[PDB]
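Taking it in order: structure first as structure tokens, then the write-up.
Residues: numbered from 1 along the sequence shown.
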Amino acid sequence: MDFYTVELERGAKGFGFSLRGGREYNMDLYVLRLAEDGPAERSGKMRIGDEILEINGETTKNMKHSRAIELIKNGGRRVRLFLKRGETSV
């Protein structure tokens, strides 16, 4: 249980995060960067390395990068994200 959700409201510079990966690069989808002062960083919830499992209700399983970007940009005033931290308690 290292799963969490976040809902961000667009600012003039977007939601304030970058992603890397996608199915065309034989990769999952991760948070690459968090823009200083932006909605993602202000949320206090996200970090670099977190895996994006769902965007706006749609699973990211086998999602192209291009498709994830398109969903977020074209999603209107907010983005809803379901994430995984990549931390495990042993």
Please find the pair of heavy atoms, one from [X] and one from [Y], that lie closest to each other, and give the distance.
{"X": "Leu8", "Y": "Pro39", "result": "CD2-O, 3.6 Å"}
{"X": "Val6", "Y": "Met46", "result": "CG1-SD, 3.8 Å"}
{"X": "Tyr25", "Y": "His65", "result": "CE1-CB, 3.9 Å"}
{"X": "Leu29", "Y": "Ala68", "result": "CD1-CB, 3.6 Å"}

- Could you grab the distance from atom CD of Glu51 to atom CZ of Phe3, nearest 0.5 Å is fine?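 Answer for the CD-CZ pair, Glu51 versus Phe3, is 8.5 Å.
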- Task: Enter the distance from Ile72:CD1 to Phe17:CZ here, rounded to the nearest 0.5 Å.
- Result: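 Spacing of CD1 (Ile72) from CZ (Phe17) equals 4.0 Å.
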- Just jot down the side-chain contact (heavy atoms from CB on, under 4.5 Å) partners of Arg20, sequence neighbours excluded, or say none.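 side-chain contact (heavy atoms from CB on, under 4.5 Å) check on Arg20 returns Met27, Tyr30, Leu32.
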- Item | For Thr5, all residues meeting side-chain contact (heavy atoms from CB on, under 4.5 Å), sequence neighbours excluded |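 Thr5 satisfies side-chain contact (heavy atoms from CB on, under 4.5 Å) with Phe82 once adjacent residues are dropped.
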Student check: side-chain heavy atoms of [X] and [Y] closer than 4.5 Å:
{"X": "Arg67", "Y": "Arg23", "value": "no"}
{"X": "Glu41", "Y": "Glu36", "value": "yes"}
{"X": "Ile69", "Y": "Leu19", "value": "yes"}
{"X": "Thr60", "Y": "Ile55", "value": "yes"}
{"X": "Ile52", "Y": "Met63", "value": "no"}
{"X": "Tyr4", "Y": "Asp50", "value": "yes"}

- When you measure from the side chain of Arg10 to the backbone N and O of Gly76, does any donor-acceptor pair fall under 3.5 Å?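 Yes.
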- Query: If only atom types and distance count, is the side chain of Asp2 paired as donor or acceptor with the main-chain N or O of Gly86 below 3.5 Å?
  - Reply: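 A pair under 3.5 Å: yes.
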